[PDB]
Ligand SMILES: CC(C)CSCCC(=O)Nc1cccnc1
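Next up is one chain by itself, shown in structure tokens, the form solved without this ligand.
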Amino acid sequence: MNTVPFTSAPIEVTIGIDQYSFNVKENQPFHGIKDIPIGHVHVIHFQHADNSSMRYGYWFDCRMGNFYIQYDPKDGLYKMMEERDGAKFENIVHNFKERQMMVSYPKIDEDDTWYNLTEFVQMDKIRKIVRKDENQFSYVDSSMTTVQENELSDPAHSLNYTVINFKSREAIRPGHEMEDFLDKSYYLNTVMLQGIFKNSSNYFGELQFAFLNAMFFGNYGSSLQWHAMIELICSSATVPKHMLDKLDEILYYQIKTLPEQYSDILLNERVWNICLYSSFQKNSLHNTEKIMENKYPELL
């Protein structure tokens, strides 16, 4: 179990750690979070009490170093930092654990939600999508744009997600125009799986990262990517049996963890009514379909 301590909490903010959150008052005694499970990526995120504009957050992994949060009053946000000094670190964290100034990452033991949402997500790939290499952790917020969006403006603050475009040359083999556009198997399996992602786990990982950035930060370009990558599999007649099974589990938990009052903006009607009821794989997503009908039949 590891710890993300805080130098202080100068402004009133709601802090999130993975799917958990808690309100901190202006200048409340508060030196961070403890008991964070090792072996998963995490994200710790922020929504100021004054300006609900700009949710922002840091993806990180406790194995890749010691990371703490001091507020920056010039830039006006909680920043993630990384010390070297192991010994200064262990002993200062120990001080706060002693005065009990940290909240406990509150994991119920029966619960595998986080594992399920982040099964295939690895910090190595996150850092390729969010380019900023002097830091072991990755900053994301509400308004960052994707590589594909800037095609249609600041590249440093982009999310360099894999570009998917159904009406593109990459996706459509000359001479198979109609075949490749109504059965994307070629695009999924050869171009993307064999070509760009190499295996389904890097694919699924980008999928899972996109959705999490949509949900936590309401990043619109992320929700587009999540939806595109779902659509490409469901519109593929030929998908390995194991991908179809894993995808059903994956989506199931993403739909499970979505806030019920957020479904109007983060869920795309066309994509889901197609994946669930028209696409090749309309029969292959039993758990995902079952929960979407019991929880969001309005959309359908």
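Start at 1 and count along the sequence shown; that's the residue number.
Note that the form deposited with this ligand bound isn't included here; everything after this is about it.
This form leaves room for this ligand: after superposition of the C-alphas round the site, using its pose in the bound PDB entry, no atom of it sits within 2.4 Å of a backbone or C-beta atom. Although the partner is absent here, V103 is a contact residue: one of its heavy atoms lies within 4.5 angstroms of this ligand in the bound PDB entry. Interface membership of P29, defined by any non-hydrogen atom within 4.5 Å of this ligand in the bound PDB entry, is confirmed.
Using a 4.5 angstroms threshold between heavy atoms, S278 stays clear of this ligand in the bound PDB entry.
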